[PDB]
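Presented below, as C-alpha coordinates, is a lone chain in the form deposited in one PDB entry.
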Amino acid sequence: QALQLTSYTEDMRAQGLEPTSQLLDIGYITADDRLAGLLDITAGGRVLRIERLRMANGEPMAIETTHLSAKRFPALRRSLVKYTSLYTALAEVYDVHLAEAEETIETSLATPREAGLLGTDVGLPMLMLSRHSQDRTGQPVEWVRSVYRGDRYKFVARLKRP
(Lines give C-alpha, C1' and ligand atoms only; values in the text may rest on other atoms or scores of the structure.)
Protein backbone atom coordinates (compact mmCIF):
# COMPACT_ATOMS: atom_id res chain seq x y z
CA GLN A 1 0.00 0.00 0.00
CA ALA A 2 1.24 3.48 -1.06
CA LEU A 3 4.01 2.17 -3.32
CA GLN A 4 5.45 3.95 -6.38
CA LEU A 5 3.38 3.47 -9.57
CA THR A 6 6.21 2.81 -12.03
CA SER A 7 5.69 2.03 -15.72
CA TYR A 8 7.73 -0.55 -17.69
CA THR A 9 10.49 1.83 -18.87
CA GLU A 10 11.41 3.14 -15.39
CA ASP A 11 11.37 -0.32 -13.80
CA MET A 12 13.95 -1.44 -16.39
CA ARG A 13 16.25 1.58 -16.00
CA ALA A 14 15.95 1.19 -12.22
CA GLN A 15 17.38 -2.28 -12.93
CA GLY A 16 20.17 -1.54 -15.42
CA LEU A 17 18.42 -2.85 -18.54
CA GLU A 18 17.62 -1.02 -21.80
CA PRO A 19 13.86 -1.24 -22.64
CA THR A 20 12.23 -1.50 -26.11
CA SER A 21 8.86 -2.77 -27.41
CA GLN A 22 7.01 -4.26 -30.35
CA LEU A 23 3.28 -4.25 -31.01
CA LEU A 24 2.07 -7.83 -31.57
CA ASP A 25 -1.63 -7.15 -31.99
CA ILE A 26 -4.32 -4.57 -31.38
CA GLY A 27 -8.10 -4.75 -31.76
CA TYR A 28 -11.52 -4.67 -30.15
CA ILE A 29 -13.08 -7.47 -28.11
CA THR A 30 -16.27 -7.90 -26.15
CA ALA A 31 -16.14 -7.62 -22.37
CA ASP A 32 -17.41 -10.53 -20.28
CA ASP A 33 -18.81 -9.59 -16.84
CA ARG A 34 -15.45 -9.83 -15.14
CA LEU A 35 -13.71 -7.42 -17.52
CA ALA A 36 -16.77 -5.14 -17.61
CA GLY A 37 -16.62 -4.78 -13.83
CA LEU A 38 -12.94 -3.87 -13.90
CA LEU A 39 -13.41 -1.11 -16.48
CA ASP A 40 -16.78 0.08 -15.11
CA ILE A 41 -18.54 -0.58 -18.43
CA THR A 42 -21.64 -2.62 -19.26
CA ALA A 43 -21.29 -6.31 -20.08
CA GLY A 44 -20.99 -6.70 -23.83
CA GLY A 45 -19.17 -3.36 -23.95
CA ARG A 46 -16.38 -2.87 -26.48
CA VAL A 47 -12.78 -3.13 -25.20
CA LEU A 48 -9.57 -1.99 -26.84
CA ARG A 49 -6.97 -4.74 -26.37
CA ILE A 50 -3.29 -4.09 -26.97
CA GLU A 51 -0.69 -6.85 -26.92
CA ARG A 52 2.99 -5.84 -26.85
CA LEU A 53 6.25 -7.74 -26.73
CA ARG A 54 8.58 -6.07 -24.22
CA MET A 55 12.32 -6.38 -24.76
CA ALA A 56 15.49 -5.53 -22.81
CA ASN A 57 19.10 -5.68 -23.98
CA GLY A 58 17.57 -6.75 -27.30
CA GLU A 59 16.06 -10.03 -26.09
CA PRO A 60 12.41 -10.91 -25.28
CA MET A 61 11.42 -10.03 -21.74
CA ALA A 62 7.63 -9.80 -21.32
CA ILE A 63 4.28 -10.01 -23.07
CA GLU A 64 2.06 -7.18 -21.93
CA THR A 65 -1.70 -7.17 -22.65
CA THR A 66 -3.61 -3.96 -21.92
CA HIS A 67 -7.43 -3.57 -21.86
CA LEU A 68 -9.33 -0.24 -21.94
CA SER A 69 -12.87 1.03 -22.52
CA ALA A 70 -13.34 1.64 -26.25
CA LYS A 71 -16.50 3.60 -25.43
CA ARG A 72 -14.46 5.98 -23.31
CA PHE A 73 -11.49 6.11 -25.70
CA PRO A 74 -12.98 5.53 -29.15
CA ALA A 75 -10.15 7.24 -31.05
CA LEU A 76 -7.29 5.74 -28.98
CA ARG A 77 -6.54 2.87 -31.38
CA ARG A 78 -6.00 5.24 -34.25
CA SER A 79 -3.98 7.70 -32.14
CA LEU A 80 -1.59 5.12 -30.68
CA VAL A 81 0.68 5.13 -33.73
CA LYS A 82 1.52 8.82 -33.15
CA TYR A 83 2.89 7.98 -29.72
CA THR A 84 5.81 6.23 -28.00
CA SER A 85 3.61 5.35 -25.06
CA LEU A 86 0.00 4.51 -24.27
CA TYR A 87 0.20 6.90 -21.34
CA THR A 88 1.46 9.82 -23.42
CA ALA A 89 -1.43 9.12 -25.78
CA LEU A 90 -3.95 9.11 -22.88
CA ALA A 91 -2.51 12.34 -21.43
CA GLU A 92 -2.34 14.30 -24.71
CA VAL A 93 -5.49 13.04 -26.46
CA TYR A 94 -7.81 12.57 -23.48
CA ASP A 95 -6.15 14.49 -20.60
CA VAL A 96 -6.22 11.29 -18.60
CA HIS A 97 -3.43 10.57 -16.10
CA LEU A 98 -2.85 7.51 -13.96
CA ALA A 99 -3.15 8.34 -10.27
CA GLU A 100 -3.38 5.05 -8.40
CA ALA A 101 -3.25 1.30 -9.12
CA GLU A 102 -3.56 -2.16 -7.62
CA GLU A 103 -0.78 -4.48 -8.75
CA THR A 104 -0.86 -8.27 -8.34
CA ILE A 105 2.24 -10.49 -8.50
CA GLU A 106 1.95 -14.25 -9.24
CA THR A 107 3.94 -16.97 -10.96
CA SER A 108 2.65 -19.45 -13.54
CA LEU A 109 3.82 -21.36 -16.62
CA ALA A 110 3.66 -19.85 -20.08
CA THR A 111 1.22 -20.85 -22.80
CA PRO A 112 2.85 -22.43 -25.90
CA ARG A 113 2.44 -19.19 -27.87
CA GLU A 114 3.90 -17.09 -25.03
CA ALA A 115 6.85 -19.47 -24.67
CA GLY A 116 7.50 -19.17 -28.40
CA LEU A 117 7.38 -15.38 -28.40
CA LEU A 118 9.70 -15.15 -25.35
CA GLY A 119 12.23 -17.75 -26.56
CA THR A 120 11.69 -19.85 -23.47
CA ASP A 121 9.95 -23.16 -22.96
CA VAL A 122 6.71 -23.91 -21.14
CA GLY A 123 8.57 -25.36 -18.12
CA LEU A 124 10.21 -22.08 -17.04
CA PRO A 125 8.52 -20.24 -14.15
CA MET A 126 7.17 -16.89 -15.33
CA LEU A 127 6.24 -13.79 -13.33
CA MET A 128 2.62 -12.83 -13.88
CA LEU A 129 1.75 -9.18 -13.22
CA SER A 130 -1.78 -7.79 -13.21
CA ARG A 131 -2.36 -4.06 -12.90
CA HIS A 132 -5.69 -2.28 -12.31
CA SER A 133 -5.21 1.48 -12.66
CA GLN A 134 -7.44 4.45 -11.95
CA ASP A 135 -7.16 8.07 -13.17
CA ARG A 136 -7.12 11.45 -11.39
CA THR A 137 -10.93 11.49 -11.46
CA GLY A 138 -10.95 8.18 -9.61
CA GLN A 139 -12.24 6.17 -12.59
CA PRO A 140 -10.73 2.86 -13.75
CA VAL A 141 -8.55 3.40 -16.84
CA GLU A 142 -6.93 0.06 -17.57
CA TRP A 143 -6.60 -3.57 -16.72
CA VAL A 144 -3.18 -4.93 -17.66
CA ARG A 145 -1.91 -8.50 -17.69
CA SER A 146 1.80 -9.21 -18.25
CA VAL A 147 3.96 -12.36 -18.37
CA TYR A 148 7.67 -11.86 -17.50
CA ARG A 149 10.53 -14.31 -18.12
CA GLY A 150 11.29 -15.79 -14.73
CA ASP A 151 15.03 -16.20 -15.34
CA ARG A 152 15.49 -12.51 -16.25
CA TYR A 153 13.16 -10.52 -14.03
CA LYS A 154 12.63 -9.39 -10.51
CA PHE A 155 10.41 -6.82 -8.99
CA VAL A 156 11.67 -4.60 -6.23
CA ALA A 157 9.50 -2.79 -3.71
CA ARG A 158 10.62 -0.23 -1.15
CA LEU A 159 8.42 -0.61 1.92
CA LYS A 160 7.97 1.70 4.90
CA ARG A 161 6.23 1.22 8.26
CA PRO A 162 4.85 4.31 10.11
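Residue indices: 1-based, along the sequence shown. Throughout, rigid core stands for the largest set of C-alpha atoms superposing within 1.5 Å between the two forms.
Beyond what is shown, the protein has a form deposited in another entry; the following relates to that form.
**Student:** Once you overlay the rigid core, does the Cα of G16 travel 2 Å or further between this form and the one not shown?
**Tutor:** Yes.
**Student:** Given a CA distance change of at least 3 Å, are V156 and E18 closer or farther in the other form?
**Tutor:** Those two alpha carbons end up farther apart in the other form.
**Student:** Are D95 and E10 closer or farther apart at their Cα atoms in the other form than shown, with the shift being 3 Å or more?
**Tutor:** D95 and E10 sit closer together in the other form.
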